[PDB]
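Each chain is listed here by its residues.
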Amino acid sequence: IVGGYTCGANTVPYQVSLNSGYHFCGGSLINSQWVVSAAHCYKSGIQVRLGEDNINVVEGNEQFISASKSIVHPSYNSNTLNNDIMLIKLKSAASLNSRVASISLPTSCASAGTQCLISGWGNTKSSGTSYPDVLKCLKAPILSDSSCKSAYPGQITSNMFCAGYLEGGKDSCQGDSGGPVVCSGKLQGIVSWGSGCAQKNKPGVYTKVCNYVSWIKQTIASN
Ligand SMILES: [Ca+2]
């Protein structure tokens, strides 16, 4: 997150860190056994780290659980990033408490103008590099289809929305990838892509979770 603030420890209990030796992506816990993240975050040997604030200090609320099964969406295209969504099942169920909590799947897509919480351990600089040890947060609006398709012509599908600030200055960034875009208690988006970070007229593009509820459901049911 560029241009946000420090969330405060455990104030976003559904936020996961994906660790494969180090933090490499965010995710969202959606029930005791499952995490949703972006497909472009796919790796082998993923450890899901729950209840995290400082990803470099053991603070006493963490649960570390290895991935049982990874499932990249059946239609993930990596050149266009269409269908950038992915499920991970946990070797064992997370103990749900107020430091480790799941987020609801949407029942309907948010409209442009809806305000959402985006969070992660991604780069915090628009120029240059700085990765925080603590979870960072940002409140950002959803942008109309029109203005999104104007920022990235020929690049936005009906499985993507833009969210953020066209004047730039505030955005998600690398390392936030795969993490939550939560609007009014529902997971609407997944940090997916964008040209640079917090650049003018290049807002953040997110996977539109409301299209995948069916698939998620479903996949959970038979696995
Ligand atoms: Ca920690």
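Residues numbered from 1 in each chain as written, not as in the entry; some residues may be left out. Heavy atoms only, no water.

What the entry reports as its method is X-ray crystallography, with 2.80 Å given for the resolution.

Novice: What should I look at first to understand the UniProt feature "active site" in the protein chain in this one?
Specialist: Listed under "active site" in the UniProt record, and renumbered for this structure, are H40, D84 and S177. Spanning 138 residues, the annotated positions come together in the fold, the maximum distance between their C-alpha atoms being 10.2 Å. With respect to the element layout, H40 can be found in the loop between β4 (34-37) and β5 (47-50). We classify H40 as partly exposed; its relative accessible area is 29%. The residues contacting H40, other than those within four sequence positions of it, are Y76, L81, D84, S177, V191 and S192. Polar side-chain contacts of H40 include one of 3.1 Å to the side chain of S177. Residue position: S177 is located in the loop between β10 (160-163) and β11 (180-183). By relative accessible area, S177 is classed as buried at 11%. Aside from chain neighbours lying at most four places away, what touches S177 is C25, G26, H40, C41 and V191. (UniProt positions renumbered as here; feature names shortened; annotations may be inferred. Helix = DSSP H or I, 4+ residues; strand = E, 2+ residues; numbered from the N terminus. Buried < 20%, exposed > 50% of the residue type's maximum accessible area, 1.4 Å probe, protein only. Contact = heavy atoms within 4.5 Å. Polar contact = N/O pair within 3.5 Å; in protein donor to acceptor, adjacent residues only side chain to side chain.)

Novice: I tried to follow the packing of aromatic side chains on my own but got confused; where do I start?
Specialist: Any aromatic ring pair is given by two values, namely how distant the centres are and how the planes are angled relative to each other. A full pass over the atoms with the stated rule returns three aromatic pairs. A ring pair is formed by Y22 and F24, whose centres lie 6.4 Å apart and whose planes are at 70°; its orientation type is edge-to-face. The class of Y22 is partly exposed, set by a relative accessible area of 43%. The class of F24 is buried, set by a relative accessible area of 14%. Ring plane angle 75° and centroid distance 4.8 Å describe the contact between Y152 and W193, whose orientation is recorded as edge-to-face. In this pair, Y152 is assigned in the loop between α1 (145-151) and β10 and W193 in strand β12 (residues 186-193), connecting sequence segments 41 residues apart. The positively charged end of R49 is found above the aromatic ring belonging to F64, 3.9 Å away from the centroid. Stacked on the ring of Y165, the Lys or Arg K170 has its end atom at 5.0 Å from the ring centre. (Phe/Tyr/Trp six-rings, centres within 6.5 Å; stacked < 30°, edge-to-face > 60°. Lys NZ or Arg CZ within 6 Å of the ring centre and 35° of its normal.)

Novice: How do you make sense of the state of the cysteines when you look at a structure like this?
Specialist: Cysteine pairs can be covalently joined through their sulfur atoms, and such a bond is termed a disulfide. Overall, the coordinates contain six disulfides when judged by the stated rule. Between the sulfur of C109 and that of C210 lies a disulfide, 2.0 Å long from S to S. Handedness here is read from the sign of the S-S torsion; for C109 and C210, about 100°, the answer is right-handed. Residue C109 is located in the loop between β7 (86-90) and β8 (115-120), and its partner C210 is located in the loop between β13 (204-208) and α2 (213-219); the two are separated by 101 residues in the primary sequence. Bridging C148 to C162, the disulfide has an S-S length of 2.0 Å. In this structure, the disulfide formed by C148 and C162 twists by about 70° around the S-S bond and is classed as right-handed. Here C162 lies in strand β10 and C148 lies in helix α1, a separation of 14 residues in the sequence. (Disulfide = S-S within 2.5 Å.)

Novice: Looking at this structure, how should I read the coordination of the calcium ion?
Specialist: Around a metal, the ideal angle is 109.5 degrees if four donors adopt a tetrahedral arrangement and 90 or 180 degrees if six donors adopt an octahedral arrangement. Taken together, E52 (OE), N54 (O), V57 (O) and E62 (OE) make up the full set of protein donors to the calcium ion, lying 2.3 Å away. When the donors of the calcium ion are listed by position in the chain, the intervening gaps give E-x1-N-x2-V-x4-E. Exposure class is identical for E52 and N54. Each is buried. (Donors = N, O, S within 2.8 Å, 3.2 Å for Na, K, Ca; no water.)

Novice: How should the nonpolar core be read in this particular structure?
Specialist: What tends to happen in soluble globular proteins is that the nonpolar side chains get buried as a cluster. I30, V36, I85, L187, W215 and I216 are the most contacted members of the largest nonpolar core, which totals 24 residues. Elements with a minimum of two residues in this core: β4, β12 and α2. The leading source of residues in this core is α2, at three residues. When near neighbours in sequence (up to four residues on either side) are disregarded, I85 contacts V36, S37, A38, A39, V72, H73, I190, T207, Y212, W215 and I216. One finds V16, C41, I46 and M86 within the second-largest nonpolar core, a separate group that totals 18 residues. (Core = buried A, V, L, I, M, F, W, Y, C linked by side-chain atoms within 4.5 Å.)

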